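Trainee: First, the structure itself, so that you have it in front of you.
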Amino acid sequence: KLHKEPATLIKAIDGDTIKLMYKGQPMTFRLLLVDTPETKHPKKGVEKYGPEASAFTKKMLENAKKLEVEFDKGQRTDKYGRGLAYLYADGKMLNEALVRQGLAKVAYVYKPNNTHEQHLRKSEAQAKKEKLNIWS
């Protein structure tokens with residue numbers, strides 16, 4: 001089964017890409033199953049809710065007592081060398097929190113890295129129903 005391991009924040013780059021110390025080395029992590037709006041985007045600069053998502057992630061991680069990374073059952077890195085993972089702050093999944101707040105949408109899903117897909121789509125369906133942020 002999936003398992004959580006400890007990590008240490010280095011810097012949040014934006015809503016869904018975070019630099020962490022993992023196993024003694026700085027690594028960039030990309031959150032599994034979610035896409036936050038871009039703040040860096042080549043074509044457009046900041047997408048709507050980009051800055052909001054980015055500060056949500058930054059605040060949640062910076063104020064955490066403990067951070068943990070959870071790899072899924074498929075590829076653990078993407079072609080850019082980023083770790084692919086679920087991030088937890090004090091036991092709360094960042095990926096879900098963003099979706100639940102309408103600050104991210106559920107990604108394109110690549111089996112078999114899709115263990116928590118059902119749960120996040122249920123939180124996305126609730127954020128839409130509530131018309132939050134991106135769903136506003």
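We name chains A, B, ... following the order of the structure tokens; residues begin at 1 in each chain, and ligands are numbered from 1 as shown.
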What's the 6 Å shell around segment 84-96 of chain A, counting only C-alpha atoms, without same-chain residues fewer than 2 positions away, as a compact mmCIF listing (two decimals) with N, CA and C atoms, in the first residue's frame?
Mentor:
```txt
# COMPACT_ATOMS: atom_id res chain seq x y z
N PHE A 29 8.93 18.80 -6.61
CA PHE A 29 7.77 17.94 -6.64
C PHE A 29 6.64 18.66 -7.37
N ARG A 30 5.88 17.85 -8.09
CA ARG A 30 4.74 18.23 -8.87
C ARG A 30 3.56 17.51 -8.23
N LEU A 31 2.49 18.20 -7.83
CA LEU A 31 1.41 17.47 -7.18
C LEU A 31 0.66 16.51 -8.08
N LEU A 32 0.44 15.27 -7.68
CA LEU A 32 -0.36 14.35 -8.51
C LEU A 32 -1.83 14.76 -8.63
N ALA A 64 2.75 24.38 8.56
CA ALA A 64 2.62 23.00 9.01
C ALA A 64 3.64 22.61 10.07
N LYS A 66 4.38 19.22 10.39
CA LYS A 66 4.99 18.07 9.73
C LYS A 66 4.57 18.03 8.25
N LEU A 67 5.50 17.79 7.34
CA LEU A 67 5.14 17.56 5.93
C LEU A 67 5.51 16.11 5.53
N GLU A 68 4.65 15.48 4.73
CA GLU A 68 4.94 14.11 4.29
C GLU A 68 4.65 14.00 2.79
N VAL A 69 5.43 13.15 2.12
CA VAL A 69 5.19 12.93 0.69
C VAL A 69 4.71 11.48 0.55
N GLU A 70 3.79 11.26 -0.37
CA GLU A 70 3.25 9.94 -0.61
C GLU A 70 3.34 9.70 -2.12
N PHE A 71 4.19 8.76 -2.51
CA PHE A 71 4.23 8.36 -3.92
C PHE A 71 3.07 7.45 -4.28
N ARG A 76 7.48 7.48 -10.34
CA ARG A 76 7.66 8.41 -9.24
C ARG A 76 8.27 9.72 -9.71
N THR A 77 8.78 9.81 -10.93
CA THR A 77 9.27 11.09 -11.45
C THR A 77 8.69 11.33 -12.83
N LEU A 98 -6.65 21.94 -2.11
CA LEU A 98 -6.72 22.87 -3.23
C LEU A 98 -7.97 22.64 -4.04
N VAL A 99 -8.26 21.37 -4.34
CA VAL A 99 -9.44 21.05 -5.13
C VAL A 99 -10.73 21.41 -4.38
N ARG A 100 -10.73 21.04 -3.10
CA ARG A 100 -11.92 21.31 -2.27
C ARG A 100 -12.23 22.81 -2.23
N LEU A 120 -10.53 12.90 -4.88
CA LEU A 120 -10.40 14.28 -5.35
C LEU A 120 -11.54 14.69 -6.26
```
Trainee: Per DSSP on the backbone, what are the strand (DSSP E or B) residues of chain A, as number ranges by chain?
Mentor: A: 4-14, 17-22, 25-31, 34-35, 67-71, 77, 83-89, 92-93, 105-106
Trainee: Kindly indicate which residue among A:4, A:48, A:33, A:135 lies nearest to residue 115 of chain A, using only C-alpha atoms for the distances.
Mentor: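 Checking each candidate against residue 115 of chain A, we get A:33 as the closest.
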Trainee: Measure the distance from atom CA of residue 73 of chain A to atom CA of residue 125 of chain A in Å and round it to one decimal.
Mentor: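 So the answer is 24.9 Å.
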Trainee: Which one is closest to residue 7 of chain A: A:134, A:46, A:55, A:61? Count only C-alpha atoms.
Mentor: A:61
Trainee: Excluding residue 38 of chain A and any residue of its chain fewer than 2 positions from it, enumerate the residues within 10 Å of it, using only C-alpha atoms, and give them as a VMD selection string.
Mentor: chain A and resid 14 to 16 35 to 36 40 to 42 44 to 51 53 to 54
Trainee: Atom CA of residue 12 of chain A and atom CA of residue 26 of chain A, how far apart in Å?
Mentor: 12.3 Å
Trainee: Please measure the separation of atom CA of residue 63 of chain A and atom CA of residue 129 of chain A, giving the value in Å to one decimal.
Mentor: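 Separation between atom CA of residue 63 of chain A and atom CA of residue 129 of chain A: 28.9 Å.
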Trainee: Considering only C-alpha atoms, return as a PyMOL selection string whatever protein or nucleic-acid residues lie within 6 Å of residue 113 of chain A, sequence-local ones (same chain, fewer than 2 positions apart) excluded.
Mentor: chain A and resi 72-74+110-111
Trainee: Select, from A:109, A:104, A:10, A:27, the residue with the minimum atom-to-atom distance to residue 123 of chain A, counting only C-alpha atoms.
Mentor: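 Checking each of A:109, A:104, A:10, A:27 against residue 123 of chain A, counting only C-alpha atoms, the winner is A:104.
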Trainee: DSSP says alpha helix (DSSP H) for which residues of chain A? Put them as a PyMOL selection string?
Mentor: chain A and resi 50-62+94-100+117-129
Trainee: Given the choices A:11, A:83, A:34, A:18, which gets closest to residue 106 of chain A if the distance is worked out from only C-alpha atoms?
Mentor: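 Looking only at the distances to residue 106 of chain A, the closest residue turns out to be A:34.
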Trainee: Quick one: of A:23, A:136, A:105, A:75, who's nearest to residue 124 of chain A, counting only C-alpha atoms?
Mentor: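 For residue 124 of chain A, the nearest of the given residues is A:105.
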Trainee: Restricting the calculation to only C-alpha atoms, which member of A:22, A:60, A:17, A:2 is positioned closest to residue 39 of chain A?
Mentor: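 Using only C-alpha atoms, residue 39 of chain A sits closest to A:17.
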